[PDB]
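This report concerns only the one structure given below.
When we count neighbours, we look across all protein chains shown, and the Cβ atoms used for this are built from the backbone with ideal geometry, even at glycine. Every number here is computed from the coordinates shown, using simple stated rules; none is lab data.
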Protein chains: 2
Amino acid sequence: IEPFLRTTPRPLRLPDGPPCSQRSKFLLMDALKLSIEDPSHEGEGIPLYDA
Amino acid sequence: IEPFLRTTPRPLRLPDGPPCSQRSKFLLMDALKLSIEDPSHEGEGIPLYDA
């Protein structure tokens, strides 16, 4: 039984190499939206015309 | 020259018979409208979809 003192734990060793790149399916922080104001009527039936 | 006094003119004689009926191309006083609020965008291009 090895005692676990306040100095035994050490920080994790992160791997080295080239910096990582974005791999999400779509932009998250830099996304820009073109917005329109849909009224109460004409419910959403087709997305192509909205685009 | 026949003088035209204040009693010479007589009222016009309207024809008699059955009462006249409406003959306009569309209703004028009794017309009823179904109304929608078109926003600034999506300008009027097709009337069938609006109907």
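Candidates in the range A:21-43 are the residues that are within 14 Å of chain B (Cβ to nearest Cβ) and among the acidic types (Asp, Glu); of these, the one that is farthest from B:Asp50 (Cα to Cα) is A:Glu37. Kindly establish whether B:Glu42 is closer than 30 Å to A:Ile46 by Cβ and either surrounded by 10 or more Cβ atoms within 10 Å (Cβ to Cβ) or touching a residue at least 60 places away in the same chain (Cβ under 8 Å) (or both). Criteria met by B:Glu42.
Return the pair list, or none, for Cβ contacts closer than 7 Å from residues in the range A:17-35 that are assigned to a loop (DSSP other than H, G, I, E, B) to residues that are surrounded by 10 or more Cβ atoms within 10 Å (Cβ to Cβ), at least 6 apart or on different chains. Close Cβ pairs (under 7 Å, with a partner that is surrounded by 10 or more Cβ atoms within 10 Å (Cβ to Cβ)) do not exist here. The test for being out of contact with any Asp or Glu (no Cβ under 8 Å at 6 or more places or on another chain) and over 30 Å from A:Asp38 (Cα atoms) does not hold for B:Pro47.
Once the range A:16-39 is narrowed to residues that are over 17 Å from the mean Cα position of the chain (by Cα) and under 30 Å from B:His41 (Cα atoms), the residue that is surrounded by the most Cβ atoms within 10 Å (Cβ to Cβ) is A:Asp38.
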